[PDB]
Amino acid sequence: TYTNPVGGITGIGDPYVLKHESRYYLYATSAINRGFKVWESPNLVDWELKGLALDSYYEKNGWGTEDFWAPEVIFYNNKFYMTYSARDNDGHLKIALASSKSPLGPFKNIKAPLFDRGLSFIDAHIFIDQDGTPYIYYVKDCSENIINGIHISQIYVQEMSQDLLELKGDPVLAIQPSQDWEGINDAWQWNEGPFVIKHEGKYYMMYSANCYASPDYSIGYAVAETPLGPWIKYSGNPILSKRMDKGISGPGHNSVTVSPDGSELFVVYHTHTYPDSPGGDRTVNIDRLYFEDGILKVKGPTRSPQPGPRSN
């Protein structure tokens, strides 16, 4: 069995898991002044810290001053590509692209920043469709995005070039705060942390809304017929939300992976380490993710013993 939070990993946020060759690699917001830690597991339950996968102080890097957030790693063209964001010398948060021959690094910058529009961007997520076309989903961050008086984080999407170095065409708005559960009467509003999966020919974008430092941080999804949208939010959002009666606060900024035997999906998400006084100290959790009647569902959030991720 497992009991959340799995691995006892605290002082993090934004857990991204990649499965590769029967091992799992977790990358997270961690060393915020410097880079990103990686943890390894054979089973999604037992985790071992394996150092900085991306270190801005590594001799081949050097980019970014602070605010190293939300790394994601894909295996594409027979190597590993990491996206992340950090604050540049000009004060704007920007997305960067790095690569490595190994999931444990060292990752080396290949285009840092990946793009630059004089504004703040975070939470890049690269989705490779079944036909091999890459798409990047990313956040135009509330810090520098004010629309009709609201500081608002919006998720955009663009198709990428095959080499991942260019974002094609104009940015396409995917989603922005719009549903009642997303704090649409607040001065600051968020849709962030996109993660896209495909199921039965449709595309499902999981995302987080409300403030990361509130118990009300929570996960919803939207559905599209094509990766560039239109993206239509699930009416029953959020699909993963707090259970303060279980000490579960602010479930958010998730990734998705599969069990060791390939038979079932898990959502990997953070919650506040200290629900009595929430903030940036978050911890890693997993729970079962599945589709039923065309609805994406989570069995959770749990904090009691659950059957281990299915394995042979």
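Note that residue numbering follows the sequence shown and begins at 1.
Taking the PDB entry as given, 159-167 carries the higher mean Cα B factor of the two stretches 120-128 and 159-167. Stretch comparison (234-242 versus 102-110) by mean CA B-factor in the PDB entry places 102-110 on top. As recorded in the PDB entry, 89 shows the highest C-alpha B-factor of the residues 153, 179, 208, 89. Ranking 220, 149, 71, 229 by Cα temperature factor from the entry places 149 first. In the deposited entry, the Cα temperature factor of residue 256 places it in the lowest third of its chain's modelled residues. Per-chain ranking of the deposited C-alpha B factor places residue 197 in the middle third. For residue 187, the recorded CA temperature factor ranks within the highest third of the chain's modelled residues.
The PDB entry assigns residue 270 a C-alpha temperature factor belonging to the lowest third of its chain's modelled residues. Looking at the C-alpha B-factors along this chain, the one for residue 285 belongs to the lowest third.
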